[PDB]
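Structure file entry.txt (compact mmCIF, C-alpha atoms and all ligand atoms) follows.
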```txt
# COMPACT_ATOMS: atom_id res chain seq x y z
CA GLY P 54 102.97 43.31 10.15
CA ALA P 55 99.53 42.55 11.62
CA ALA P 56 96.57 41.56 9.44
CA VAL P 57 94.65 44.34 7.65
CA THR P 58 91.04 44.35 6.66
CA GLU P 59 89.44 45.04 3.37
CA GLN P 60 87.79 48.10 4.90
CA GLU P 61 91.15 49.45 6.12
CA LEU P 62 92.65 49.19 2.63
CA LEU P 63 89.71 50.98 1.03
CA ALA P 64 90.35 53.98 3.28
CA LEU P 65 93.93 54.44 2.06
CA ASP P 66 95.10 57.03 -0.40
CA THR P 67 96.90 54.28 -2.35
CA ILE P 68 97.03 50.54 -1.84
CA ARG P 69 100.55 49.13 -2.06
CA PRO P 70 101.71 45.56 -2.55
CA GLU P 71 102.77 45.31 1.07
CA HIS P 72 99.24 46.18 2.12
CA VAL P 73 97.43 43.41 0.25
CA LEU P 74 100.03 40.95 1.56
CA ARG P 75 98.56 41.41 4.99
CA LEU P 76 94.92 40.78 4.13
CA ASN P 77 93.93 37.68 5.97
CA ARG P 78 90.74 36.77 4.11
CA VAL P 79 89.68 36.88 0.51
CA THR P 80 87.96 40.17 -0.13
CA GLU P 81 84.23 40.56 -0.32
CA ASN P 82 84.38 43.58 -2.61
CA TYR P 83 86.92 44.87 -5.09
CA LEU P 84 89.77 47.14 -3.96
CA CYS P 85 89.87 49.14 -7.17
CA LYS P 86 87.48 50.06 -9.95
CA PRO P 87 87.62 49.04 -13.64
CA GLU P 88 88.58 52.57 -14.50
CA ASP P 89 91.70 52.27 -12.34
CA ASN P 90 93.21 50.10 -15.12
CA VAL P 91 94.61 53.23 -16.69
CA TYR P 92 97.16 51.09 -18.53
CA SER P 93 94.43 49.17 -20.38
CA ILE P 94 95.88 45.80 -19.48
CA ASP P 95 93.73 43.13 -21.09
CA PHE P 96 94.49 39.45 -20.69
CA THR P 97 93.92 37.66 -23.95
CA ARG P 98 95.21 34.12 -23.52
CA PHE P 99 96.73 31.84 -20.99
CA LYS P 100 98.29 28.45 -21.50
CA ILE P 101 98.81 26.24 -18.47
CA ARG P 102 101.41 23.47 -18.38
CA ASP P 103 102.38 20.90 -15.79
CA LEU P 104 106.10 21.65 -15.65
CA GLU P 105 106.93 18.28 -14.11
CA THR P 106 105.60 16.37 -17.11
CA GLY P 107 105.69 19.10 -19.75
CA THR P 108 102.06 18.45 -20.58
CA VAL P 109 99.91 21.33 -21.70
CA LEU P 110 96.89 21.09 -19.45
CA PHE P 111 94.68 23.69 -21.13
CA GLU P 112 94.62 27.01 -22.92
CA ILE P 113 91.98 29.69 -22.42
CA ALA P 114 91.60 32.44 -25.00
CA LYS P 115 89.24 35.29 -25.66
CA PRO P 116 86.74 34.21 -28.39
CA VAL P 132 83.05 45.32 -31.19
CA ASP P 133 85.64 44.30 -28.59
CA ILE P 134 85.04 42.77 -25.18
CA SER P 135 87.27 42.42 -22.14
CA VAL P 136 86.31 39.97 -19.46
CA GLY P 137 87.19 41.50 -16.13
CA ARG P 138 86.86 41.09 -12.42
CA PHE P 139 85.62 37.50 -12.00
CA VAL P 140 86.17 34.01 -13.36
CA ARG P 141 84.78 30.80 -11.98
CA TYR P 142 86.86 27.71 -12.61
CA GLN P 143 85.89 24.08 -12.36
CA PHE P 144 88.85 21.73 -12.41
CA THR P 145 89.17 18.02 -11.95
CA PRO P 146 90.50 16.66 -8.63
CA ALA P 147 93.92 15.91 -10.14
CA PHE P 148 94.51 19.66 -10.34
CA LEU P 149 95.06 19.67 -6.57
CA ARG P 150 97.90 17.19 -6.95
CA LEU P 151 99.96 19.37 -9.26
CA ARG P 152 103.27 20.64 -7.95
CA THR P 153 104.79 23.00 -10.52
CA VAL P 154 102.57 24.69 -13.05
CA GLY P 155 103.71 27.08 -15.78
CA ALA P 156 101.40 29.80 -16.99
CA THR P 157 102.08 31.55 -20.28
CA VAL P 158 100.05 34.74 -20.10
CA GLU P 159 99.32 36.92 -23.14
CA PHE P 160 97.94 40.40 -22.65
CA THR P 161 97.72 43.70 -24.41
CA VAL P 162 98.60 47.03 -22.91
CA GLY P 163 97.49 50.51 -23.86
CA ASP P 164 99.50 53.52 -24.89
CA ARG P 165 100.92 54.41 -21.44
CA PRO P 166 104.25 52.79 -20.57
CA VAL P 167 104.13 50.22 -17.84
CA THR P 168 106.75 49.87 -15.12
CA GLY P 169 106.90 47.37 -12.28
CA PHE P 170 103.89 45.39 -13.42
CA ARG P 171 103.43 42.99 -10.49
CA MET P 172 100.76 40.48 -9.56
CA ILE P 173 100.00 39.21 -6.06
CA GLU P 174 97.55 36.33 -5.91
CA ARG P 175 96.15 34.98 -2.67
CA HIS P 176 94.22 31.72 -2.65
CA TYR P 177 91.97 30.71 0.21
CA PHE P 178 89.83 27.75 1.11
CA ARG P 179 87.12 29.43 3.14
CA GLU P 180 89.10 31.55 5.63
CA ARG P 181 92.36 29.60 5.28
CA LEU P 182 95.14 31.10 3.17
CA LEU P 183 96.54 28.33 1.01
CA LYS P 184 99.25 30.19 -0.90
CA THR P 185 100.37 33.63 -2.03
CA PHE P 186 102.01 34.08 -5.40
CA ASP P 187 103.92 37.27 -6.11
CA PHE P 188 105.18 37.63 -9.68
CA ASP P 189 106.77 40.33 -11.75
CA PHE P 190 105.56 40.60 -15.35
CA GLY P 191 108.74 42.03 -16.76
CA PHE P 192 109.11 44.69 -19.41
CA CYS P 193 106.00 45.53 -21.53
CA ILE P 194 105.79 47.26 -24.94
CA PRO P 195 102.88 49.75 -25.01
CA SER P 196 100.09 49.35 -27.53
CA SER P 197 100.91 45.74 -28.27
CA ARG P 198 100.55 42.14 -27.24
CA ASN P 199 102.94 41.06 -24.52
CA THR P 200 103.68 37.65 -23.05
CA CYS P 201 104.99 36.52 -19.68
CA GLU P 202 105.74 33.13 -18.18
CA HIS P 203 104.97 32.53 -14.53
CA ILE P 204 105.87 29.42 -12.54
CA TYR P 205 103.45 28.50 -9.79
CA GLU P 206 104.84 26.26 -7.07
CA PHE P 207 101.66 24.80 -5.66
CA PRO P 208 101.32 24.45 -1.90
CA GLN P 209 101.67 20.96 -0.53
CA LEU P 210 98.07 20.49 0.51
CA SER P 211 97.16 18.04 3.23
CA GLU P 212 94.83 15.22 2.38
CA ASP P 213 92.19 16.75 4.61
CA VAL P 214 92.38 20.12 2.85
CA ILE P 215 92.27 18.45 -0.57
CA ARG P 216 89.16 16.55 0.45
CA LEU P 217 87.52 19.72 1.77
CA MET P 218 88.32 21.60 -1.43
CA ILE P 219 86.84 18.83 -3.59
CA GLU P 220 83.76 18.42 -1.39
CA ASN P 221 82.97 22.15 -1.11
CA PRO P 222 82.99 23.56 -4.62
CA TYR P 223 83.52 27.28 -5.05
CA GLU P 224 84.55 27.80 -1.44
CA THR P 225 88.15 28.07 -2.67
CA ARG P 226 88.54 31.65 -3.81
CA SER P 227 91.31 33.95 -4.92
CA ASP P 228 92.18 37.60 -5.17
CA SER P 229 94.63 38.71 -7.84
CA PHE P 230 95.98 42.19 -7.24
CA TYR P 231 97.83 43.84 -10.10
CA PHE P 232 100.18 46.72 -9.47
CA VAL P 233 101.88 49.12 -11.82
CA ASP P 234 104.49 51.35 -10.25
CA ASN P 235 103.47 50.17 -6.74
CA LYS P 236 99.83 51.22 -7.16
CA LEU P 237 96.89 48.85 -7.41
CA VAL P 238 95.43 49.05 -10.93
CA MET P 239 93.42 45.82 -11.33
CA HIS P 240 91.79 43.41 -8.91
CA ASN P 241 90.43 40.16 -10.32
CA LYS P 242 88.66 37.53 -8.25
CA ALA P 243 87.86 33.92 -8.81
CA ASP P 244 86.33 30.92 -7.20
CA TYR P 245 87.16 27.31 -7.86
CA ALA P 246 85.74 23.82 -7.81
CA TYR P 247 87.74 20.62 -8.13
CA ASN P 248 84.92 18.17 -8.79
CA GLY P 249 84.98 18.19 -12.59
CA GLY Z 54 58.69 55.06 -4.63
CA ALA Z 55 61.68 57.22 -3.65
CA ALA Z 56 65.23 56.35 -4.72
CA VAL Z 57 67.11 53.70 -2.71
CA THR Z 58 70.81 53.41 -2.20
CA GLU Z 59 73.11 50.53 -2.74
CA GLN Z 60 73.80 50.48 1.00
CA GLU Z 61 70.07 50.30 1.81
CA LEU Z 62 69.61 47.26 -0.45
CA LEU Z 63 72.57 45.44 1.08
CA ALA Z 64 70.90 45.68 4.50
CA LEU Z 65 67.75 43.87 3.35
CA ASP Z 66 66.90 40.27 4.07
CA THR Z 67 66.12 39.78 0.35
CA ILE Z 68 66.44 42.14 -2.59
CA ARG Z 69 63.36 42.14 -4.81
CA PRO Z 70 62.94 43.40 -8.36
CA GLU Z 71 61.00 46.42 -7.15
CA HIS Z 72 63.94 47.39 -4.99
CA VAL Z 73 66.59 47.53 -7.71
CA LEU Z 74 64.14 49.51 -9.86
CA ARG Z 75 64.55 52.39 -7.47
CA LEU Z 76 68.34 52.54 -7.43
CA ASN Z 77 69.26 55.85 -8.91
CA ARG Z 78 72.94 55.24 -9.69
CA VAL Z 79 74.89 52.32 -11.02
CA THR Z 80 76.19 50.34 -8.08
CA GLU Z 81 79.73 50.54 -6.85
CA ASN Z 82 79.74 47.03 -5.43
CA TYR Z 83 77.79 43.88 -6.19
CA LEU Z 84 74.43 43.22 -4.51
CA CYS Z 85 74.89 39.47 -4.36
CA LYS Z 86 77.77 37.02 -4.25
CA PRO Z 87 78.77 34.42 -6.88
CA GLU Z 88 77.55 31.72 -4.57
CA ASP Z 89 74.04 33.21 -4.65
CA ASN Z 90 73.69 31.77 -8.18
CA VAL Z 91 72.29 28.62 -6.66
CA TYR Z 92 70.69 27.79 -10.01
CA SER Z 93 74.07 27.65 -11.76
CA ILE Z 94 72.97 29.93 -14.56
CA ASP Z 95 75.85 30.29 -16.98
CA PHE Z 96 75.58 32.42 -20.10
CA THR Z 97 77.27 30.69 -22.98
CA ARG Z 98 76.46 32.69 -26.10
CA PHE Z 99 74.69 35.77 -27.24
CA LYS Z 100 73.87 36.86 -30.75
CA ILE Z 101 72.90 40.48 -31.32
CA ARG Z 102 70.82 41.59 -34.31
CA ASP Z 103 69.60 44.95 -35.51
CA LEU Z 104 65.91 44.11 -35.81
CA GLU Z 105 65.23 47.03 -38.13
CA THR Z 106 67.58 45.70 -40.80
CA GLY Z 107 67.78 42.04 -39.77
CA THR Z 108 71.56 42.24 -39.73
CA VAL Z 109 73.47 40.13 -37.27
CA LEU Z 110 75.78 42.61 -35.60
CA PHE Z 111 77.93 40.19 -33.62
CA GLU Z 112 77.96 36.97 -31.65
CA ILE Z 113 79.92 36.41 -28.46
CA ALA Z 114 80.56 32.87 -27.26
CA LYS Z 115 82.54 31.20 -24.53
CA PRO Z 116 85.81 29.83 -26.06
CA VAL Z 132 88.38 22.29 -17.04
CA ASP Z 133 85.37 24.61 -17.37
CA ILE Z 134 85.27 28.36 -16.89
CA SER Z 135 82.39 30.76 -16.36
CA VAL Z 136 82.96 34.43 -16.90
CA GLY Z 137 80.99 36.30 -14.28
CA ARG Z 138 80.38 39.68 -12.79
CA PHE Z 139 82.00 42.09 -15.29
CA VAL Z 140 82.38 42.68 -19.01
CA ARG Z 141 83.82 45.72 -20.69
CA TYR Z 142 82.48 46.47 -24.14
CA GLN Z 143 83.89 48.71 -26.82
CA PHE Z 144 81.45 49.43 -29.61
CA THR Z 145 81.59 51.70 -32.60
CA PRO Z 146 79.64 54.99 -32.54
CA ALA Z 147 76.90 53.59 -34.80
CA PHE Z 148 75.83 51.38 -31.89
CA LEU Z 149 74.29 54.46 -30.26
CA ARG Z 150 72.07 54.99 -33.28
CA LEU Z 151 70.39 51.61 -33.08
CA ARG Z 152 66.70 51.55 -32.27
CA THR Z 153 65.58 47.93 -31.91
CA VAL Z 154 68.11 45.26 -31.08
CA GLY Z 155 67.39 41.55 -30.66
CA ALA Z 156 69.50 39.48 -28.32
CA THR Z 157 69.46 35.70 -28.58
CA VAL Z 158 70.86 34.50 -25.27
CA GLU Z 159 72.03 30.93 -24.67
CA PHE Z 160 72.68 29.75 -21.14
CA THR Z 161 72.86 26.59 -19.14
CA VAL Z 162 71.11 25.99 -15.87
CA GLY Z 163 71.88 23.55 -13.09
CA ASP Z 164 69.79 20.82 -11.58
CA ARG Z 165 67.38 23.04 -9.58
CA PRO Z 166 64.23 24.11 -11.42
CA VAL Z 167 64.01 27.76 -12.27
CA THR Z 168 60.83 29.83 -11.98
CA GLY Z 169 60.32 33.49 -12.80
CA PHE Z 170 63.79 34.01 -14.20
CA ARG Z 171 63.81 37.79 -14.72
CA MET Z 172 66.49 40.29 -15.67
CA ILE Z 173 66.47 44.01 -14.90
CA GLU Z 174 69.20 46.00 -16.59
CA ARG Z 175 69.87 49.64 -15.83
CA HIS Z 176 72.21 51.64 -18.06
CA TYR Z 177 73.73 54.91 -16.96
CA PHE Z 178 75.98 57.53 -18.45
CA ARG Z 179 77.76 58.79 -15.36
CA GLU Z 180 74.89 59.48 -12.94
CA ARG Z 181 72.18 59.70 -15.61
CA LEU Z 182 69.87 56.72 -16.09
CA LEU Z 183 69.54 56.12 -19.80
CA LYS Z 184 67.19 53.14 -19.86
CA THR Z 185 65.89 50.23 -17.79
CA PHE Z 186 65.17 46.91 -19.44
CA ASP Z 187 63.05 44.37 -17.60
CA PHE Z 188 62.75 40.99 -19.31
CA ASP Z 189 61.38 37.60 -18.44
CA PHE Z 190 63.44 34.62 -19.58
CA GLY Z 191 60.58 32.20 -19.89
CA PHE Z 192 60.53 28.54 -18.99
CA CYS Z 193 63.92 26.80 -18.46
CA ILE Z 194 64.78 23.06 -18.55
CA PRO Z 195 67.18 22.16 -15.71
CA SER Z 196 70.57 20.68 -16.48
CA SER Z 197 70.53 21.80 -20.09
CA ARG Z 198 71.16 24.59 -22.53
CA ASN Z 199 68.32 27.07 -22.80
CA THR Z 200 67.74 29.96 -25.18
CA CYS Z 201 65.77 33.18 -24.90
CA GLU Z 202 65.18 36.09 -27.24
CA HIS Z 203 65.02 39.59 -25.82
CA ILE Z 204 64.11 42.73 -27.75
CA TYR Z 205 65.81 45.90 -26.58
CA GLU Z 206 64.11 49.13 -27.56
CA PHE Z 207 66.98 51.56 -27.27
CA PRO Z 208 66.36 54.96 -25.71
CA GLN Z 209 66.19 57.87 -28.09
CA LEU Z 210 69.41 59.54 -27.04
CA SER Z 211 69.92 63.24 -27.58
CA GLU Z 212 72.80 64.33 -29.73
CA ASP Z 213 74.48 65.83 -26.69
CA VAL Z 214 74.25 62.57 -24.73
CA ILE Z 215 75.54 60.57 -27.71
CA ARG Z 216 78.51 62.89 -28.00
CA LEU Z 217 79.23 62.61 -24.28
CA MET Z 218 79.04 58.82 -24.42
CA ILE Z 219 81.44 58.67 -27.37
CA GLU Z 220 83.85 61.20 -25.86
CA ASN Z 221 83.96 59.62 -22.37
CA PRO Z 222 84.66 55.93 -22.84
CA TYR Z 223 83.70 53.56 -20.06
CA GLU Z 224 81.68 56.16 -18.20
CA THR Z 225 78.54 54.45 -19.51
CA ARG Z 226 77.93 51.57 -17.14
CA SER Z 227 75.24 49.02 -16.47
CA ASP Z 228 73.92 46.78 -13.75
CA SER Z 229 72.13 43.59 -14.72
CA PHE Z 230 70.15 42.08 -11.87
CA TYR Z 231 68.90 38.54 -12.32
CA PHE Z 232 66.06 37.21 -10.23
CA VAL Z 233 64.71 33.73 -9.76
CA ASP Z 234 61.46 33.50 -7.85
CA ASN Z 235 61.67 37.22 -6.92
CA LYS Z 236 65.09 36.88 -5.26
CA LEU Z 237 68.31 38.34 -6.59
CA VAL Z 238 70.61 35.51 -7.69
CA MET Z 239 73.13 37.15 -10.06
CA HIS Z 240 74.40 40.68 -10.51
CA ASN Z 241 76.57 41.40 -13.55
CA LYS Z 242 78.10 44.76 -14.31
CA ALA Z 243 79.56 46.29 -17.40
CA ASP Z 244 81.05 49.44 -18.75
CA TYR Z 245 80.99 50.63 -22.33
CA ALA Z 246 82.85 52.69 -24.85
CA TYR Z 247 81.53 53.78 -28.23
CA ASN Z 248 84.76 54.93 -29.85
CA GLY Z 249 85.71 51.70 -31.64
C1 LIG P 301 89.36 38.78 -15.30
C2 LIG P 301 90.23 37.68 -14.66
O1 LIG P 301 89.97 37.27 -13.58
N1 LIG P 301 91.39 37.17 -15.37
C3 LIG P 301 92.16 36.10 -14.74
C4 LIG P 301 92.66 35.13 -15.83
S1 LIG P 301 93.65 36.10 -17.06
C5 LIG P 301 95.38 36.18 -16.44
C6 LIG P 301 95.82 34.71 -16.23
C7 LIG P 301 96.70 34.37 -15.26
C8 LIG P 301 97.35 35.38 -14.30
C9 LIG P 301 97.04 32.86 -15.13
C10 LIG P 301 96.27 32.31 -13.88
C11 LIG P 301 96.97 30.96 -13.64
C12 LIG P 301 96.22 29.82 -13.59
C13 LIG P 301 94.69 29.66 -13.72
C14 LIG P 301 96.90 28.43 -13.37
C15 LIG P 301 96.20 27.66 -12.23
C16 LIG P 301 96.88 27.96 -10.88
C17 LIG P 301 96.13 28.36 -9.85
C18 LIG P 301 94.63 28.54 -9.97
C19 LIG P 301 96.78 28.62 -8.46
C20 LIG P 301 96.56 27.30 -7.67
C21 LIG P 301 96.55 27.60 -6.16
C22 LIG P 301 96.29 26.67 -5.24
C23 LIG P 301 96.02 25.20 -5.60
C24 LIG P 301 96.30 27.10 -3.77
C25 LIG P 301 93.30 36.52 -13.85
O2 LIG P 301 93.54 37.70 -13.50
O3 LIG P 301 93.99 35.62 -13.32
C1 LIG P 302 79.12 38.08 -16.76
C2 LIG P 302 78.30 39.06 -17.61
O1 LIG P 302 78.32 40.22 -17.38
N1 LIG P 302 77.46 38.55 -18.69
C3 LIG P 302 76.73 39.51 -19.50
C4 LIG P 302 76.69 39.02 -20.96
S1 LIG P 302 75.92 37.34 -20.99
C5 LIG P 302 74.10 37.55 -21.10
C6 LIG P 302 73.85 38.43 -22.35
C7 LIG P 302 72.80 39.28 -22.41
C8 LIG P 302 71.78 39.46 -21.28
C9 LIG P 302 72.68 40.12 -23.71
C10 LIG P 302 73.16 41.57 -23.38
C11 LIG P 302 72.64 42.37 -24.59
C12 LIG P 302 73.51 43.12 -25.32
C13 LIG P 302 75.03 43.33 -25.11
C14 LIG P 302 73.02 43.92 -26.57
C15 LIG P 302 73.50 45.38 -26.50
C16 LIG P 302 72.44 46.26 -25.79
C17 LIG P 302 72.82 47.04 -24.77
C18 LIG P 302 74.26 47.07 -24.28
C19 LIG P 302 71.80 47.97 -24.07
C20 LIG P 302 71.99 49.35 -24.76
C21 LIG P 302 71.56 50.47 -23.79
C22 LIG P 302 71.70 51.77 -24.07
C23 LIG P 302 72.28 52.27 -25.40
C24 LIG P 302 71.22 52.78 -23.02
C25 LIG P 302 75.33 39.87 -19.03
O2 LIG P 302 74.84 39.52 -17.94
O3 LIG P 302 74.68 40.68 -19.73
```
Rendering of file as structure tokens:
Amino acid sequence: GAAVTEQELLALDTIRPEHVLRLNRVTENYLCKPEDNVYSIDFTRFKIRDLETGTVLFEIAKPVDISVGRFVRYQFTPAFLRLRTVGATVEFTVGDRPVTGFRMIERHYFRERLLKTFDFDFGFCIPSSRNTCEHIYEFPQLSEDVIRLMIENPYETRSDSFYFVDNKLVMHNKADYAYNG
Amino acid sequence: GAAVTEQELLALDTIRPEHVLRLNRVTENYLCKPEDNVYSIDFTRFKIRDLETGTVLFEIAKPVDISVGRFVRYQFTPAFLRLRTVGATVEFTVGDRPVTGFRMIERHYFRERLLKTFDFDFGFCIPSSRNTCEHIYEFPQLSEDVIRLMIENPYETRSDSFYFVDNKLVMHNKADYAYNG
């Protein structure tokens, strides 16, 4: 199907996975509100491994309770862009409502250029508890020119992560990235 | 001056402190982009004290470099709403550009009701280093009805924090709050 705009999706009754898969630019604004996370999904830890070498690259964890939402800025080193197969172990809590079809679509762009879409299922989740999921990211094979542009233009690589439960958008996190660490 | 809308501010060449002081609702969307933080301000730690008792209430710190931006969700206990004078010690780094007039305007709302505006100056900042500032929040004297509504309706209390450097908006962080911890 043809490309859709951020403004078109905001006018819909419900945003479905198939709809965000036709966005052709990273969004400017968010496509849902914090209060749409009616399942209280809260990411608490992720551990990132290079699956070719088995090396743990890094682990990020949450340090009155706070939930960081909506936006993360990452600065990586240039070798990050040379990875091929990266495993993410993602820990998260969920609230008291049962979750079905928890699905994540991530779209990564350098400026206006889509680099890669990832579309993962989270699997079965126990309510009111910590849950864990492993995702395997097969990185795009980036050209040398694109790699150079991404290193030279920090934070112009950006992503949208759209999280669905039962085919309805419930969370939308954004990020930008540099590779000049 | 009369109230301004989020859409009116987005149409301006530059958003000034006086402009956000006339918003009469928490914003739906952000009034600047991540890339507008051309000073690379990154909050790294804050320590919150009840200044009446001297008690440290809590400290939040950041755990490849990441910067959490744009949105934090807080869950406090109901006693938080009874505080009167709260000291925040805020640690942050700044990039290589010199900073002048670093100013923060925070507006806190329960639903559509403005509870309090805070307007603080950060003082002088050394580029390319960690900086610290102390702010003193004089909490509004909330009615018992408002306190009850805020406890009973988690995450319907929301804030905008608008950060200015040299009278131009450079960061806009948002939060929502519960008081039923
Ligand atoms: C509030 C917020 O935003 N929470 C974030 C982080 S918590 C959930 C963590 C997840 C889903 C793991 C994210 C995976 C990684 C960081 C590994 C690095 C791989 C990439 C950045 C893709 C690389 C793509 C290209 C090179 C084109 C989020 O929702 O993700
Ligand atoms: C990305 C992001 O969002 N970073 C956040 C947190 S880093 C800077 C920390 C600051 C400015 C300290 C914030 C102060 C507190 C948390 C103390 C609690 C006081 C209140 C919540 C006001 C209470 C108001 C009423 C009861 C009406 C931000 O920019 O703030």
Using all atoms listed in the file, which residues of the polymer chains come no farther than 6 Å from ligand LIG 301 (chain P)? I'd like the answer as a compact mmCIF listing (two decimals) with C-alpha atoms, in the frame of the given file.
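This is the output file selection13.txt:
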```
# COMPACT_ATOMS: atom_id res chain seq x y z
CA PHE P 96 94.49 39.45 -20.69
CA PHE P 99 96.73 31.84 -20.99
CA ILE P 101 98.81 26.24 -18.47
CA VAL P 136 86.31 39.97 -19.46
CA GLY P 137 87.19 41.50 -16.13
CA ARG P 138 86.86 41.09 -12.42
CA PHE P 139 85.62 37.50 -12.00
CA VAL P 140 86.17 34.01 -13.36
CA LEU P 149 95.06 19.67 -6.57
CA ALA P 156 101.40 29.80 -16.99
CA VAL P 158 100.05 34.74 -20.10
CA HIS P 176 94.22 31.72 -2.65
CA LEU P 183 96.54 28.33 1.01
CA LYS P 184 99.25 30.19 -0.90
CA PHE P 207 101.66 24.80 -5.66
CA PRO P 208 101.32 24.45 -1.90
CA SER P 229 94.63 38.71 -7.84
CA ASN P 241 90.43 40.16 -10.32
CA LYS P 242 88.66 37.53 -8.25
```
Around all of region 213-232 of chain P's listed atoms, make the axis-aligned box with 3 Å on each side and tell me centre and edge lengths in Å to one decimal, as lines of an AutoDock Vina configuration file.
```
center_x = 91.6
center_y = 31.6
center_z = -2.7
size_x = 23.2
size_y = 36.2
size_z = 20.7
```
**OP:** Using all atoms listed in the file, find the residues of chain Z whose closest atom to chain P is at most 8 Å away, then write them as a ChimeraX atom specification.
**Re:** /Z:82-83,88,111,113-116,132-145,223,249
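The gap separating CA of residue 77 (chain Z) from CA of residue 59 (chain Z) is 9.0 Å, in Å to one decimal.
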Original post:
Do you know which residues are at most 12 Å from residue 65 (chain Z) counting all atoms listed in the file, after dropping those on the same chain fewer than 4 positions away, and could you put them as a ChimeraX atom specification?
Top reply: /Z:57-61,69,72-73,84-85,236-237
Original post:
Residues at most 9 Å from residue 197 (chain P), counting all atoms listed in the file, excluding those fewer than 5 positions away in the same chain, as a list in words?
Top reply: residues 160, 161, 162, 163 and 164 of chain P
**OP:** For CA of residue 234 (chain P) and CA of residue 78 (chain P), quote the distance in Å rounded to one decimal.
**Re:** 24.7 Å
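Minimum atom-to-atom distances from Z:219, Z:193, Z:79, Z:151 to ligand LIG 302 (chain P) were compared using all atoms listed in the file, and the lowest value belongs to Z:151.
Using only C-alpha atoms, the nearest neighbour of residue 216 (chain Z) within the list Z:171, Z:180, Z:64, Z:150 is Z:150.
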**OP:** Would you work out the distance separating CA of residue 204 (chain Z) from CA of residue 104 (chain Z), expressed in Å to one decimal?
**Re:** 8.4 Å
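Minimum distance to ligand LIG 302 (chain P) across Z:202, Z:213, Z:71, Z:105 (counting only C-alpha atoms and all ligand atoms) occurs at Z:202.
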Will you model N, CA and C atoms for region 172-186 of chain Z and pass it back as a PDB file, in the frame of the given file?
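Generated output (rebuild-v1.pdb):
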```pdb
ATOM      1  N   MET Z 172      65.283  39.487 -15.604  1.00  0.00           N
ATOM      2  CA  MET Z 172      66.490  40.290 -15.670  1.00  0.00           C
ATOM      3  C   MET Z 172      66.067  41.740 -15.720  1.00  0.00           C
ATOM      4  N   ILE Z 173      66.630  42.559 -14.845  1.00  0.00           N
ATOM      5  CA  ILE Z 173      66.470  44.010 -14.900  1.00  0.00           C
ATOM      6  C   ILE Z 173      67.824  44.605 -15.171  1.00  0.00           C
ATOM      7  N   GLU Z 174      67.943  45.337 -16.271  1.00  0.00           N
ATOM      8  CA  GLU Z 174      69.200  46.000 -16.590  1.00  0.00           C
ATOM      9  C   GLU Z 174      68.998  47.492 -16.505  1.00  0.00           C
ATOM     10  N   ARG Z 175      69.948  48.184 -15.925  1.00  0.00           N
ATOM     11  CA  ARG Z 175      69.870  49.640 -15.830  1.00  0.00           C
ATOM     12  C   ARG Z 175      71.156  50.192 -16.393  1.00  0.00           C
ATOM     13  N   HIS Z 176      71.045  51.079 -17.377  1.00  0.00           N
ATOM     14  CA  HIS Z 176      72.210  51.640 -18.060  1.00  0.00           C
ATOM     15  C   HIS Z 176      72.317  53.111 -17.738  1.00  0.00           C
ATOM     16  N   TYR Z 177      73.509  53.546 -17.388  1.00  0.00           N
ATOM     17  CA  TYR Z 177      73.730  54.910 -16.960  1.00  0.00           C
ATOM     18  C   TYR Z 177      74.892  55.503 -17.728  1.00  0.00           C
ATOM     19  N   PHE Z 178      74.806  56.793 -18.047  1.00  0.00           N
ATOM     20  CA  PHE Z 178      75.980  57.530 -18.450  1.00  0.00           C
ATOM     21  C   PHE Z 178      76.321  58.392 -17.262  1.00  0.00           C
ATOM     22  N   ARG Z 179      77.483  58.156 -16.652  1.00  0.00           N
ATOM     23  CA  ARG Z 179      77.760  58.790 -15.360  1.00  0.00           C
ATOM     24  C   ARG Z 179      76.616  58.561 -14.391  1.00  0.00           C
ATOM     25  N   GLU Z 180      75.980  59.617 -13.896  1.00  0.00           N
ATOM     26  CA  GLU Z 180      74.890  59.480 -12.940  1.00  0.00           C
ATOM     27  C   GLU Z 180      73.507  59.497 -13.578  1.00  0.00           C
ATOM     28  N   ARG Z 181      73.441  59.538 -14.902  1.00  0.00           N
ATOM     29  CA  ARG Z 181      72.180  59.700 -15.610  1.00  0.00           C
ATOM     30  C   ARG Z 181      71.676  58.337 -16.067  1.00  0.00           C
ATOM     31  N   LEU Z 182      70.504  57.946 -15.599  1.00  0.00           N
ATOM     32  CA  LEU Z 182      69.870  56.720 -16.090  1.00  0.00           C
ATOM     33  C   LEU Z 182      69.441  56.932 -17.534  1.00  0.00           C
ATOM     34  N   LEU Z 183      69.908  56.067 -18.409  1.00  0.00           N
ATOM     35  CA  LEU Z 183      69.540  56.120 -19.800  1.00  0.00           C
ATOM     36  C   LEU Z 183      68.313  55.278 -20.094  1.00  0.00           C
ATOM     37  N   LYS Z 184      68.250  54.072 -19.545  1.00  0.00           N
ATOM     38  CA  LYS Z 184      67.190  53.140 -19.860  1.00  0.00           C
ATOM     39  C   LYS Z 184      67.233  51.984 -18.868  1.00  0.00           C
ATOM     40  N   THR Z 185      66.064  51.474 -18.531  1.00  0.00           N
ATOM     41  CA  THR Z 185      65.890  50.230 -17.790  1.00  0.00           C
ATOM     42  C   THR Z 185      65.250  49.237 -18.742  1.00  0.00           C
ATOM     43  N   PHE Z 186      65.782  48.032 -18.758  1.00  0.00           N
ATOM     44  CA  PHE Z 186      65.170  46.910 -19.440  1.00  0.00           C
ATOM     45  C   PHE Z 186      64.751  45.888 -18.393  1.00  0.00           C
TER      46      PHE Z 186
END
```
